[PDB]
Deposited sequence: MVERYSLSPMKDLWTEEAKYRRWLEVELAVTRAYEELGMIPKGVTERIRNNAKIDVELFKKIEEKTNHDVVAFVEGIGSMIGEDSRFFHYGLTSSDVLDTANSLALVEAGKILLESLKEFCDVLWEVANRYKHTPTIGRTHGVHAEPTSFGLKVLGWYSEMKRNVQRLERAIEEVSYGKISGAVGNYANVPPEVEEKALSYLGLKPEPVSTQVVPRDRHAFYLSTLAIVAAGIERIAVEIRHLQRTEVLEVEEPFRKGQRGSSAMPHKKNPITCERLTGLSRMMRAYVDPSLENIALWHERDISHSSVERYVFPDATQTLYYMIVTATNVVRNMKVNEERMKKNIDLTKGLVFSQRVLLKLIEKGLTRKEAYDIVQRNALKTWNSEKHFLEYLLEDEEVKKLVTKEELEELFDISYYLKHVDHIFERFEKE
């Protein structure tokens, strides 16, 4: 794990950061009471001045207390003297816990969103750089028709922009806390305190909560994270295919190294991390069916999944940004790979042209097949066989024949497509 904790994301998930979120919540709540005239003026400022985050103290108290937030509430109690009457007043532990996890997931979502937007900018730049670079399109791993390498990157760009909007909605979904007390009905803490306290944190009130924020929001967020990761996985698998020794179209950045031993190690790592990101979706979905007004089975799951899902995805986005930013792209090898089958890429164009000139689907098909076959089993090109085919010679001119091998045919609509992403 520590392998991919990267700053800013990993600073979110220390024990200090967590206790500071709990204090933030507690201070928003005393502030809300005080602004409503419900506790004396001055309480919040004094608790702000005297409450310190002391991790060892809270952990020592927790040894005796066996309860994380009660230990915190007493630890803070021992620094704030008389003001402890007004601290954690009416709250249940999950008011603090779940509001603090909204804070963390919203912030993690924002870090993720900024790095994602940055991945989009790099993908847009790389797609425009190779906008007109010819490459062979491949279906079932088999040469199909010519295309451009910028258009392939644009498909990745297109997918990551759908993920920017998805990530914005997942941030919205998790932007809800609760300050509603034991079973969520404001018996011990007024709903006006909740509304003020959460607006100071940048959060909204869960419209109806139980003891807990409903876990379908978290499952939505984490399902969105797994889908972002699988798009990065699609990119990573492409580059693994393109860096294989028989292809050599692209090379992921590295580190003088042996030219024949450049392994796509980073993209293999990305593929494995995507497997982990989708692994967290299932446990988040059966966190949803909590018993009544809550059970705590989700808590242990979330200790793994919140920190690991958001730190792994962050590492995936930053790493894949660097891979696409700095990968070597071998344009001449791309172009050369179009001629690997020696013209047989243009074999549909040749087939149709024989139907145009009179022949029936089957008639044309047999002429192309025989030429294909000879091309495939030898060293001469498809075109050179077609030109010498007598049946072809009485139906098609030679200038007609040669123009069917123009790559620009496959390429006439690339700008049309790029233009859909402009402006």
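Colleague: Compare the deposited sequence with the modelled residues and state the ranges that are missing C-alpha positions.
Modeller: Deposited residues absent from the model fall in 1, 257 to 262, 431.
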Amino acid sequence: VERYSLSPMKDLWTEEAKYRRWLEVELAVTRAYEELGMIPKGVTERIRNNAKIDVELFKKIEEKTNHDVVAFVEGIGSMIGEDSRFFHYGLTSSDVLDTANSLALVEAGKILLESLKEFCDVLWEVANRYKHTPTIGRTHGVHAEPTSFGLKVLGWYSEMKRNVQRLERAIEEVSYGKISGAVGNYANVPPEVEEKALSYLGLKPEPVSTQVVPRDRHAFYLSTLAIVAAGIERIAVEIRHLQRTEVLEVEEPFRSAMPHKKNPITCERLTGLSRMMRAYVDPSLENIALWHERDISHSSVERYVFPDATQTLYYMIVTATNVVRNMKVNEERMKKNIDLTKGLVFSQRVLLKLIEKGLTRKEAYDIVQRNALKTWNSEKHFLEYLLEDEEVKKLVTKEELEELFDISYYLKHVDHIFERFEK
From here on, numbers count along this sequence of modelled residues.
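Colleague: Once you work out the mean C-alpha B-factor for both 124 to 132 and 74 to 82 from the entry, which is higher?
Modeller: Higher of the two, by average CA B-factor, is 74 to 82.
Colleague: Can you let me know which of the two, 160 to 168 or 327 to 335, has the higher average C-alpha B-factor in the entry?
Modeller: Here the higher of the two C-alpha B-factor means belongs to 327 to 335.
Colleague: Going by the CA temperature factor in the PDB record, which third of the chain does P283 belong to: lowest, middle or highest?
Modeller: For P283, the deposited C-alpha B-factor lands in the middle third.
Colleague: Please place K353 in the lowest, middle or highest third of its chain according to the CA B-factor in the PDB entry.
Modeller: It belongs to the highest third of the chain when residues are ordered by C-alpha B-factor.
Colleague: Lowest, middle or highest third: which one holds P264 when the chain's residues are ordered by CA B-factor from the entry?
Modeller: Its C-alpha B-factor belongs to the middle third of this chain's values.
Colleague: Split into thirds by Cα B-factor across the chain's modelled residues, where does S347 land: lowest, middle or highest?
Modeller: Highest third - that is where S347 ends up once the chain's C-alpha B-factors are sorted.
Colleague: Give the position of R138 by CA B-factor within its chain, expressed as the lowest, middle or highest third.
Modeller: It belongs to the lowest third of the chain when residues are ordered by C-alpha B-factor.
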